[PDB]
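S.K.: What shape does this take:
(2 chains, ligands or ions: 4)
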2 protein chains.
Amino acid sequence: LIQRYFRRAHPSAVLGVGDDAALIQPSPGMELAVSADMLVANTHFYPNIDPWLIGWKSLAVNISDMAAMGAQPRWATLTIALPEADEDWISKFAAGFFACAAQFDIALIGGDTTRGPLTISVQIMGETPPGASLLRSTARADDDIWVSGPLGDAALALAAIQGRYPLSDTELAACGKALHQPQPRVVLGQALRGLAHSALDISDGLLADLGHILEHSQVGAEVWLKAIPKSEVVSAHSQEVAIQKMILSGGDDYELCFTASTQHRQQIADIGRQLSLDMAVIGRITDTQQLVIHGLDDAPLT
Amino acid sequence: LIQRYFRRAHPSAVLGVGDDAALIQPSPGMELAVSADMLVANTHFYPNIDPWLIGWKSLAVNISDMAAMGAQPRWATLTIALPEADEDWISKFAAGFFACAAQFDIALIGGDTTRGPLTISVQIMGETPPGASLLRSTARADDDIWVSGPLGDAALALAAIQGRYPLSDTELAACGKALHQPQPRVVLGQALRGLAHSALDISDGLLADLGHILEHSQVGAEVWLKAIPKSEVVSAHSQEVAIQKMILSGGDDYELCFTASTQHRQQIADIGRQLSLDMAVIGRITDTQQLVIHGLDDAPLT
Ligand code: NA
Ligand code: NA
Ligand code: NA
Ligand code: NA
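M.R.: Numbers count the residues shown, from 1 in each chain, chains lettered A, B, ... in the order given. Ligands and ions are numbered 1, 2, ... in the order given. The coordinates are given below.
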C-alpha cells in the first residue's frame, strides 16, 4: 500500500528455498569462484516462449561462467522481477531452472521474487584449488587458441526464427538445440586446470570473447576461419558471408575459447575426445596485439 | 545489433572490478552466509533523488540481512539495469555504494551493468562460525522480544515527503536520516551469537518481520506499543493513530528484531549500551500462535 522508492524481492513459495539454505560449508583448502549476472528481457524480441527453456538456459549461461574459470559449481541464488502475477510462468521457469541445477549438482540457496519488467539475476558459486583457476587475463605468446565445439548454430537458429536467413525445418531442428539448451562445459573446464593458460566462454561470439582475452592479456591473435569447428548445417553453408559472420561473432555459443602451450596439444585433444567434444586449435596468440582473421581463401583482415 | 531474447550484464568500467576479484578465500573453519536481493524502481514514486544515496542504501539494506544472521560481511557482487546511458548517475551511485562498502570493510568482487528499467541486484557474502548463525525460524516460548532501536522514523520521513503527514523542517531533518542512511547493525548481530535464539531485520515493519519470525518458528507473540523504542519526533506524535501504524508497520527501519531467553536480559542490555544503541524488550513469544498488540491504553487487538 505504501509507495517506497524501490520494491524489494521476497522469498518465493514456488522456488521453495528454506531460510537455513543460506548457510554453506566450503570444502577446506578450496577457494571459491563467484559470478553474478543479470538478464533483461528484450522488448524488441520479447521472450514469448516456453518459460521452462527460459529457466533452464538462465542457469546454464551462468554455469558456463564457472566452466570458463575451471570451477566446480556448487551453489546458486536466484532473484526475478516478474512483470505480472502469472503462476504458470514462474512454475515453468522454476522447473527448467531446477532441471538444469539437478543436471549439474547445484543447490539453490536463495530464491526471491518481486514485481517489475522481466529481469533475472543469478549468482553462482563454485570451488577451485588455490592457484588452479583459469582467467581471461593470462594468455601467452605462442599459445594455441582452442575452441571446445562448433560455433554459429545458436546465431543461425536465431536468424532463421527472425526471418533473416532461410533454413529448412530439418536444419532449424538441428541448430535450435544449441540456441535453447547450450551445454556448459563444466567437466572440460576442470580438466583444463594445469593445461590452459587462459579461458573464457564464448557468449558474445569468438571475436568479442577472444577479443576480451586479448585486451586483458595485452596480446594479439592470428586465427583461421577454416579451422573453427562447425556443425553439419553451419559447415554446409560456410561459403556464405552471412554464415561466416555468425561463426566468428554470433551470440550464444557457450563453448570455451582457451589458450595453452603447444606442448599440451596432444593431452588436450585426448581430453576433448574423452568428453565427446569436437575441439580444434584455431590459431595462435601473438606478441603483436592485433586480431588478424584469415578467411576461407586464407586472405587476412584486421 | 542482433536482437536476442535477453540482454546480459557486462563488466562496468565505473565499478572497476578486476576479473581476478572473482576468487575469494574463506577463513578456514567458517561457514559462509549468503543473501541475494533485487530492488526494482517504483514507477509510482520514482527515485529522482541523489544517486549517491541510492547506492549507499542499496548496499546497506543487504548488509542488514547479514547482521540479522550474525555474519561478518566480507564480499559483495553488484549488477544493475540502467534505464539510459547516464554517466553522472552511475558514477554517483558507485561512489555511494563504495562508501558504504568501505565503512563496513566489504570488497566488491563483481560489478556488471546492462540496459533496462532500473533494477539493482546485490549478493552479499559473510562468515559465521558453524552453528553460530541467527535464523528467523528458531524463536522459543517465553523468549523476550527485543528491538535494537527506534521504529517509525523512515516511514514518517517518507509520509512527510509524500505530503501525507505534516512535519516541520526540523522534525523532517531528524527522521530523514533514518530514511536515507539506515545504519546496519553488524556488530550487534555478531555480539548476539550465543545469546539470541532468533533474529530478523525489520525492513517491512515490526508486524511483518516479527510475523515472519512467528510463522517460521510456529509460535505467537504478545507486544506492548508503549515498550517500543521511539525517536524524539515519533515519541512526540505517538498518541496519533497514523503514527502508531508507522511504529508497528512502517517500512525501512533496518533495526533488528530478535528473541532471547530472559536469562540473558542483563548481558543484552549491556551490549546495547556498549554499542550506543537504544534497545528495549517489547514483549514475549508465547506458545499460542497469535500476534496480540497492546496499544498505549494496554487494550489488546489480534
Ligand atoms: Na528505497
Ligand atoms: Na570438423
Ligand atoms: Na536468450
Ligand atoms: Na525510550
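
S.K.: CA only for contacts and neighbour counts going forward, please
M.R.: Will do.

S.K.: which residue does the stretch 201-302 of chain A bring closest to ligand 3?
M.R.: residue A:252 (7.7 Å; Cα to the ion).

S.K.: Nearest residue to that residue in space, ignoring adjacent ones along the chain?
M.R.: In space, residue A:252 comes closest to residue A:203 once its chain neighbours are excluded; the distance is 4.6 Å by Cα to Cα, 6 or more residues apart in numbering or on different chains.

S.K.: If I follow the layout properly, the one you found ends up in contact with residue A:249?
M.R.: No. Judged on Cα atoms under 8 Å, residue A:203 makes no contact with residue A:249 at a distance of 9.4 Å.

S.K.: For burial, what's the neighbour tally of the residue nearest to residue A:252?
M.R.: Other residues within reach of residue A:203 by the criterion other Cα atoms under 10 Å in any protein chain shown amount to 20.

S.K.: and chain A, which residues reach ligand 1?
M.R.: Residues of chain A lying near ligand 1 by Cα under 5 Å from the ion: A:5, A:6.

S.K.: 6 Å instead?
M.R.: Near ligand 1, the residues belonging to chain A are A:4, A:5, A:6 when assessed by Cα under 6 Å from the ion.

S.K.: Would you map the strands across chain A?
M.R.: A:6-8, A:10-11, A:23-24, A:31-41, A:72-82, A:107-115, A:119-128, A:143-147, A:196-201, A:220-224, A:256-261, A:280-286, A:291-294, A:300-301 (DSSP state E).

S.K.: Give the pairing partners of the third one; include direction for each.
M.R.: For strand A:23-24, the paired strands and their directions (DSSP bridges) are strand B:31-41 (antiparallel).

S.K.: cool, the last one as well?
M.R.: Using DSSP bridges, strand A:300-301 pairs in its sheet with strand A:291-294 (antiparallel).

S.K.: go on, the first one?
M.R.: Note on strand A:6-8: by DSSP bridges, its sheet partners are strand B:31-41 (antiparallel).

S.K.: What separation is there between residue A:261 and residue A:215?
M.R.: From residue A:261 across to residue A:215, the span is 19 Å (Cα to Cα, to the nearest Å).

S.K.: Wait, the residue of the stretch 201-302 of chain A closest to ligand 3 touches residue A:201, no?
M.R.: No. Judged on Cα under 8 Å, residue A:252 makes no contact with residue A:201 at a distance of 9.6 Å.

S.K.: Those two - which one has more neighbours?
M.R.: Legend: neighbour count by other Cα under 10 Å for residue A:252 and residue A:201, higher for residue A:201 (28 against 23).

S.K.: you'd agree the more buried one is up against residue A:257?
M.R.: Yes. Here residue A:201 reaches residue A:257: they are 5.9 Å apart, a contact under Cα under 8 Å.

S.K.: got the residues of the stretch 201-302 of chain A near chain B?
M.R.: Within the stretch 201-302 of chain A, no position is near chain B by Cα under 8 Å from any Cα of the partner chain.

S.K.: Tell me how many other residues crowd the closest residue to residue A:222 other than its chain neighbours.
M.R.: Sequence neighbours aside, residue A:292 is the residue nearest to residue A:222 in space, at 4.9 Å (criterion: Cα to Cα, 6+ apart). With neighbours defined by other Cα under 10 Å, the count for residue A:292 comes to 15.

S.K.: Residue A:292 and ligand 1, how far apart?
M.R.: 49 Å (Cα to the ion, to the nearest Å).
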